[PDB]
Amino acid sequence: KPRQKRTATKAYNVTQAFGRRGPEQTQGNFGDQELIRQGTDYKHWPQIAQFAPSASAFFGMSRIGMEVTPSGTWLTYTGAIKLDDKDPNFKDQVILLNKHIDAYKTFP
């Protein structure tokens, strides 16, 4: 199955499925060590996954493009998802997302 259809778990983790966390255009930057090692087994995974798009929304909400580089042919995507600041758990949701965004920068 292609990379975009993989699901990370304890036995096949985020790094294995999706590469090291990092800053470059081809890399993902999301996840602290616990999420990287556990994937969808991570204790707070469903609280993160609520923000992941359906296939329909992915193609409906995003700015989609095609690029061709020496490495290959790429379907590019970009977008933004608004958090509901009336959700009771809003403050915690933001805290959780921020804990995982660029977590790798403090990997010792």
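Only the largest set of C-alpha atoms that superpose within 1.5 Å between the two forms is called the rigid core. Throughout, we count residues from 1 along the sequence that is shown.
Farther on average from this form in 9 other deposited structures of this protein lies stretch 63-71, the comparison being between 31-39 and 63-71 by RMS Cα distance after core superposition. The PDB entry records a higher mean C-alpha B factor for 90-98 than for its counterpart among 14-22 and 90-98. Stretch comparison (75-83 versus 40-48) by mean CA B-factor in the PDB entry places 40-48 on top. The PDB entry gives the largest Cα B-factor of the residues 53, 65, 28, 70 to 70. Placement of the Cα temperature factor of residue 1 within the chain: highest third of the modelled residues, per the deposited record.
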